[PDB]
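structure_13.pdb follows; it contains PDB, C-alpha atoms (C1' of nucleotides).
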ATOM      1  CA  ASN A 844      28.358  11.278 -15.672
ATOM      2  CA  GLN A 845      27.065   9.575 -18.822
ATOM      3  CA  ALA A 846      23.531   9.910 -17.445
ATOM      4  CA  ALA A 847      24.173  13.601 -16.762
ATOM      5  CA  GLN A 848      25.414  13.926 -20.357
ATOM      6  CA  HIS A 849      22.186  12.471 -21.723
ATOM      7  CA  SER A 850      20.325  14.827 -19.377
ATOM      8  CA  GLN A 851      21.931  17.979 -20.793
ATOM      9  CA  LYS A 852      21.447  16.610 -24.304
ATOM     10  CA  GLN A 853      17.726  15.895 -24.128
ATOM     11  CA  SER A 854      17.049  18.949 -21.939
ATOM     12  CA  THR A 855      18.514  21.289 -24.546
ATOM     13  CA  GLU A 856      16.767  19.259 -27.255
ATOM     14  CA  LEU A 857      13.437  19.850 -25.500
ATOM     15  CA  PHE A 858      14.205  23.553 -25.039
ATOM     16  CA  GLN A 859      14.906  23.812 -28.767
ATOM     17  CA  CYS A 860      11.729  21.869 -29.631
ATOM     18  CA  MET A 861       9.659  24.617 -27.978
ATOM     19  CA  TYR A 862      11.533  27.376 -29.825
ATOM     20  CA  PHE A 863       9.736  25.818 -32.837
ATOM     21  CA  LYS A 864       6.423  25.558 -30.928
ATOM     22  CA  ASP A 865       2.898  26.613 -31.961
ATOM     23  CA  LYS A 866       3.538  30.389 -32.138
ATOM     24  CA  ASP A 867       2.777  30.821 -35.846
ATOM     25  CA  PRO A 868       5.870  30.289 -38.053
ATOM     26  CA  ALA A 869       4.149  32.009 -40.978
ATOM     27  CA  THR A 870       4.360  35.771 -40.372
ATOM     28  CA  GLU A 871       6.894  36.203 -37.560
ATOM     29  CA  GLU A 872      10.299  36.481 -39.237
ATOM     30  CA  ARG A 873      11.679  33.352 -37.558
ATOM     31  CA  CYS A 874      11.204  30.859 -40.369
ATOM     32  CA  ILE A 875      13.979  30.556 -42.957
ATOM     33  CA  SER A 876      17.314  28.858 -42.251
ATOM     34  CA  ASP A 877      20.191  27.839 -44.536
ATOM     35  CA  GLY A 878      21.849  24.503 -45.193
ATOM     36  CA  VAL A 879      24.996  22.550 -46.025
ATOM     37  CA  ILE A 880      25.356  18.770 -45.988
ATOM     38  CA  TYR A 881      27.815  16.223 -44.600
ATOM     39  CA  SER A 882      26.586  12.735 -45.624
ATOM     40  CA  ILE A 883      24.373  11.094 -48.264
ATOM     41  CA  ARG A 884      21.681   8.485 -47.539
ATOM     42  CA  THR A 885      19.326   6.689 -49.876
ATOM     43  CA  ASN A 886      16.278   8.921 -49.277
ATOM     44  CA  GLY A 887      17.520  12.226 -47.826
ATOM     45  CA  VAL A 888      20.918  13.759 -47.160
ATOM     46  CA  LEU A 889      21.856  14.695 -43.604
ATOM     47  CA  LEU A 890      21.355  18.401 -42.956
ATOM     48  CA  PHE A 891      22.906  20.944 -40.617
ATOM     49  CA  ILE A 892      22.192  24.501 -39.498
ATOM     50  CA  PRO A 893      25.177  26.799 -38.812
ATOM     51  CA  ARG A 894      23.009  29.571 -37.318
ATOM     52  CA  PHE A 895      21.365  27.434 -34.614
ATOM     53  CA  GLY A 896      23.275  24.142 -34.617
ATOM     54  CA  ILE A 897      20.652  21.441 -35.158
ATOM     55  CA  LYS A 898      20.892  18.176 -37.095
ATOM     56  CA  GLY A 899      18.450  15.693 -38.588
ATOM     57  CA  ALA A 900      17.839  13.440 -41.587
ATOM     58  CA  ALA A 901      15.384  14.746 -44.188
ATOM     59  CA  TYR A 902      13.669  13.061 -47.136
ATOM     60  CA  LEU A 903      13.599  13.814 -50.851
ATOM     61  CA  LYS A 904      11.497  10.764 -51.707
ATOM     62  CA  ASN A 905       8.087  11.253 -50.108
ATOM     63  CA  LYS A 906       5.388   8.705 -49.250
ATOM     64  CA  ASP A 907       3.705   9.132 -52.647
ATOM     65  CA  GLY A 908       6.965   8.837 -54.609
ATOM     66  CA  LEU A 909       6.353  12.444 -55.702
ATOM     67  CA  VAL A 910      10.033  13.386 -55.948
ATOM     68  CA  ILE A 911      11.070  17.037 -55.986
ATOM     69  CA  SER A 912      11.779  19.536 -58.716
ATOM     70  CA  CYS A 913      11.935  23.326 -58.509
ATOM     71  CA  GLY A 914      10.430  26.187 -60.478
TER      72      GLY A 914
ATOM     73  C1'   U B   1    -100.839  21.371  50.879
ATOM     74  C1'   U B   2     -95.446  17.557  47.167
ATOM     75  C1'   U B   3     -92.090  13.212  52.057
ATOM     76  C1'   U B   4     -87.832   8.789  51.949
ATOM     77  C1'   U B   5     -83.487   6.396  49.539
ATOM     78  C1'   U B   6     -80.144   4.850  45.538
ATOM     79  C1'   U B   7     -70.981   3.079  47.921
ATOM     80  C1'   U B   8     -66.238   4.576  44.523
ATOM     81  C1'   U B   9     -60.816   7.435  40.640
ATOM     82  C1'   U B  10     -56.197  -1.398  38.958
ATOM     83  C1'   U B  11     -53.632  -4.495  42.968
ATOM     84  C1'   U B  12     -47.849  -5.228  42.328
ATOM     85  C1'   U B  13     -42.317  -4.335  42.142
ATOM     86  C1'   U B  14     -35.793  -5.141  45.912
ATOM     87  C1'   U B  15     -34.475  -8.241  36.956
ATOM     88  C1'   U B  16     -29.190 -12.201  35.171
ATOM     89  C1'   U B  17     -26.398 -11.493  30.439
ATOM     90  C1'   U B  18     -18.946 -13.447  29.562
ATOM     91  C1'   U B  19     -18.200  -9.059  22.043
ATOM     92  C1'   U B  20     -14.966  -6.162  17.907
ATOM     93  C1'   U B  21     -12.601  -2.984  11.054
ATOM     94  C1'   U B  22     -14.096  -5.703   6.682
ATOM     95  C1'   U B  23     -17.459  -9.306   4.496
ATOM     96  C1'   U B  24     -18.271 -11.777  -2.236
ATOM     97  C1'   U B  25     -15.641 -12.257  -9.355
ATOM     98  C1'   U B  26     -15.221 -10.227 -15.158
ATOM     99  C1'   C B  27     -11.172 -12.560 -20.402
ATOM    100  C1'   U B  28      -7.060 -12.464 -24.287
ATOM    101  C1'   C B  29      -4.919  -7.543 -25.928
ATOM    102  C1'   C B  30       0.390  -5.522 -33.705
ATOM    103  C1'   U B  31       4.021   0.836 -29.705
ATOM    104  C1'   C B  32       5.618   2.641 -37.907
ATOM    105  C1'   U B  33      11.216   3.571 -40.350
ATOM    106  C1'   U B  34      18.876   8.019 -41.215
ATOM    107  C1'   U B  35      21.841   4.598 -37.930
ATOM    108  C1'   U B  36      25.938   2.368 -35.797
ATOM    109  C1'   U B  37      24.468   3.808 -30.447
ATOM    110  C1'   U B  38      27.474   9.649 -29.442
ATOM    111  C1'   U B  39      31.409   9.945 -25.706
ATOM    112  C1'   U B  40      38.401  13.734 -25.104
ATOM    113  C1'   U B  41      38.367  18.978 -24.167
ATOM    114  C1'   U B  42      37.393  23.909 -21.270
ATOM    115  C1'   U B  43      34.722  27.687 -19.044
ATOM    116  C1'   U B  44      28.920  26.382 -13.527
TER     117        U B  44
END
Can I see the file as structure tokens?
Amino acid sequence: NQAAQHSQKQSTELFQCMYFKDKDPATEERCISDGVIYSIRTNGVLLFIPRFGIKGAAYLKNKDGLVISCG
RNA sequence: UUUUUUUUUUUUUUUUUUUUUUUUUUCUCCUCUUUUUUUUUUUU
């Protein structure tokens, strides 16, 4: 059963990974999401998507230390 | 008015046999980063 669990998990993960495949995410209106947080880490705060349901740790600090501002 | 003679196509056939796919080289080798590892639950 635990193996089955992992199977559903990574199967749906792979199915989601192709939703974000090569088909150009630049002019088809399937690009912008929203975001809330739930936990802070020392380089990027954990993000969440209420409209799809995906998680993942992002980064504010980038490789070249070029930290973010906004216009 | 121009007679007579000068051989030709090698002889032979009534011999035994108890093996066996292939075949014979090439060295040690830096796997990058949010994690502990999540977990009940119900509709297949």
Output as JSON lines one row per residue of chain B within 12 Å of chain A: the closest atom pair and its distance in Å to one decimal place, counting all atoms listed in the file, sorted by chain and residue number ascending.
{"residue": "B:33", "atom": "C1'", "partner": "A:886", "partner_atom": "CA", "distance": 11.6}
{"residue": "B:34", "atom": "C1'", "partner": "A:900", "partner_atom": "CA", "distance": 5.5}
{"residue": "B:35", "atom": "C1'", "partner": "A:884", "partner_atom": "CA", "distance": 10.4}
{"residue": "B:38", "atom": "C1'", "partner": "A:849", "partner_atom": "CA", "distance": 9.8}
{"residue": "B:39", "atom": "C1'", "partner": "A:845", "partner_atom": "CA", "distance": 8.1}
Quote the spacing between atom CA of residue 907 of chain A and atom CA of residue 873 of chain A in Å to one decimal place. 29.6 Å
For a test of reading the model, state the distance in Å between atom CA of residue 879 of chain A and atom CA of residue 896 of chain A, rounded to one decimal. 11.6 Å
Two-atom distance - atom CA of residue 903 of chain A, atom CA of residue 890 of chain A (Å):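 Value for the atom CA of residue 903 of chain A-atom CA of residue 890 of chain A distance: 12.0 Å.
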Listed atoms of segment 1-8 of chain B, axis-aligned box, 3 Å per side: centre and edge lengths to one decimal in Å, as lines of an AutoDock Vina configuration file?
center_x = -83.5
center_y = 12.2
center_z = 48.3
size_x = 40.6
size_y = 24.3
size_z = 13.5
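By only C-alpha atoms (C1' of nucleotides), and with residues fewer than 4 positions from residue 894 of chain A along its chain excluded, the set lying at most 12 Å from it is residues 873, 875, 876, 877, 878, 879 and 898 of chain A.
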For residue 897 of chain A, please output as number ranges by chain all residues within 10 Å (counting all atoms listed in the file; exclusion window: fewer than 5 positions along the same chain). A: 856, 859, 890-892
